[PDB]
Amino acid sequence: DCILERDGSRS
Amino acid sequence: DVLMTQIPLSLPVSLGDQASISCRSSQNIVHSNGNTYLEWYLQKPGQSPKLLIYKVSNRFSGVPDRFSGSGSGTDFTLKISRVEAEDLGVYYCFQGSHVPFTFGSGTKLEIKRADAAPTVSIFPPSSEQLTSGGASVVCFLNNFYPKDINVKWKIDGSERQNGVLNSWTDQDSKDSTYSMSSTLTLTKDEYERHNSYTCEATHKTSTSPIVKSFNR
Amino acid sequence: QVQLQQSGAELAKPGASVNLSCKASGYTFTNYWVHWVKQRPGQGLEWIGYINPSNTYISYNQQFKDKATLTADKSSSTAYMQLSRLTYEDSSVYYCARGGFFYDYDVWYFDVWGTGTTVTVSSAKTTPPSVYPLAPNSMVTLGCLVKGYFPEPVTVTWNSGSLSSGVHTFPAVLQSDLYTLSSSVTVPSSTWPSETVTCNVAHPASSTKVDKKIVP
């Protein structure tokens, strides 16, 4: 899966 | 990086008055998901910071109505209505919108209040310390205002500047006073040679020093 | 029961490294970011970085990219920060903080803070404190003298935290490479010595706790 990061990455 | 400039660095306020603290970002702090992550934190002496306001103007759970946040673009403001003694500490703004996340330099909120004379207490070395071969004489000057105070030690009527170490508390969260501890450290040998030990405090509240003493 | 537990102190040598732990309990470790924050004594707050504990994604302040290394252990719900090539400028309090549930963008903020680890970079060894009772009107003041310890900090409570009113704990002073501090507590004169008063001193660097009853 994919998580929207606080820094704008998708992890 | 986003610089967060906080004004002022320290702010004295009377109980019941409004305090206002400003935080200016060197650029816009709207995150790419649309939120402005501007928070205000309060750090009281000895403690970790605690959240007061988030997303510019939202009060965090449990925070009193008298704290309000506002602003937009690059200028944000925290207002504390009806300041209370418990509001003391260092306030920080924070932007959580652009890495590296950054804090303002902090604003220390200080309370103005009525003058108070110190309560002075002197304590001889404990028997336990004497068994270890040292002798510390401790004097507490507690709950006074304003913060400036003078302490002098005398042994058999004679002043002793040497061997004295002093420490001041941060302003008290309940009564907005200050306190001070003074410790005279001697060898057990020198302590035993003399019998009278005196701690006296000079404060703005009185022309005459408050004097406490004991005889060994 | 949401908390982030950090050790009180780490003493480590110049030119070495140290691993700081931040143990999460009372919530799902893998659903929230853990951030690390530096606070130099007397100074502001500096954001170091964060880790996503579910997938180990790390975001660093470029200023710390060769100073800090973040990791997370899912099985023990513990986040770690290694500080390498230690210098005296790395001496500071370091906090971990929970900084956002992943899937609700409105609550990306630092709602839970660890209690902080005081890192001291020094080649000196650990020395635990000696704790001496200070025993001697409407009120009575008692105290504890906490002498000859290294490194910082020590924490002082009275009656295991149940006696919090009338307490002043003073900043330590450094003399001959060792710290000394004192704490006072003021209670009603009718109450002591009838209702016992004990000071509890923790020195996290030596993993020691001392409880000293104050006796007339």
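Protein chains in written order, with the working numbering: chain E, 202 to 212; chain L, 20 to 235; chain X, 73 to 288.
Yeah, the Cβ is synthetic: ideal placement off N, Cα and C, and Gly gets one too.
For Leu184/L, the closest Cβ of chain X is nearer than 8 Å. Residue environment: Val74/X is assigned as exposed (fewer than 16 neighbouring CB atoms within 10 Å of its CB, all protein chains considered).
Residues of the stretch 58-84 of chain L with a Cβ closer than 9 Å to any Cβ of chain X, in chain order: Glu58, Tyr60, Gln62, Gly65, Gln66, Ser67, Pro68, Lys69, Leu70, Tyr73, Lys74, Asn77, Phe79 and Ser80. Nearest Cα to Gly87/X within the set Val193/X, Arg112/X, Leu235/X and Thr102/X: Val193/X. Per DSSP, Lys139/X is not a residue of any alpha helix (DSSP H), being assigned neither H nor E. The C-beta separation of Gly188/X from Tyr167/X comes to about 5 Å, placing the pair in contact by the 8 Å criterion.
For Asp208/E, the closest Cβ of chain L is nearer than 8 Å. Beta-bridge annotation (DSSP): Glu147/L is not paired with any residue.
With contact defined as three or more Cβ pairs closer than 8 Å, the stretch 49-58 of chain L and the stretch 158-166 of chain X are not in contact. Around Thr126/L, no beta-carbon contact reaches into chain X at under 8 Å, the shortest distance being about 10 Å.
At a cut-off of 8 Å between beta carbons, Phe174/X contacts chain E. Excluding the 5 residues flanking it on each side, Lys284/X has same chain C-beta neighbours closer than 7 Å at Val203, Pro205, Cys216, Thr270 and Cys271, in chain order. At a beta-carbon threshold of 9 Å, the residues of chain E lying near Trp105/X are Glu206 and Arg207, ordered along the chain. Under the three-state reduction of DSSP output, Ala81/X falls in the strand class. Under the Cβ distance rule, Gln148/L counts among the residues neighbouring chain X, one pair being separated by less than 8 Å. Residue pairing by DSSP puts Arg43/L in a beta bridge opposite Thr24/L and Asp94/L.
Against chain L, the beta carbon of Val245/X has neighbours under 7 Å at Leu184 and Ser186, listed in chain order. Not a single CB atom of chain L sits nearer than 8 Å to the CB of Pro113/X. Residues of chain X whose Cβ lies closer than 8 Å to the Cβ of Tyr56/L are, in chain order, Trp180 and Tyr181.
Rounded to whole angstroms, the gap between the alpha carbons of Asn185/L and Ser261/X is 27 Å. Around the beta carbon of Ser195/L, a 10 Å sphere encloses 16 or more other beta carbons of the protein chains shown; the residue is thus reported as buried.
DSSP places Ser195/L outside both helix and strand once states are collapsed to three, so it counts as coil. Sequence-distant Cβ neighbours of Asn209/X in its own chain, meaning closer than 7 Å and more than five residues away, are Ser261. For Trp108/X, not one C-beta of chain L is nearer than 8 Å to its own C-beta.
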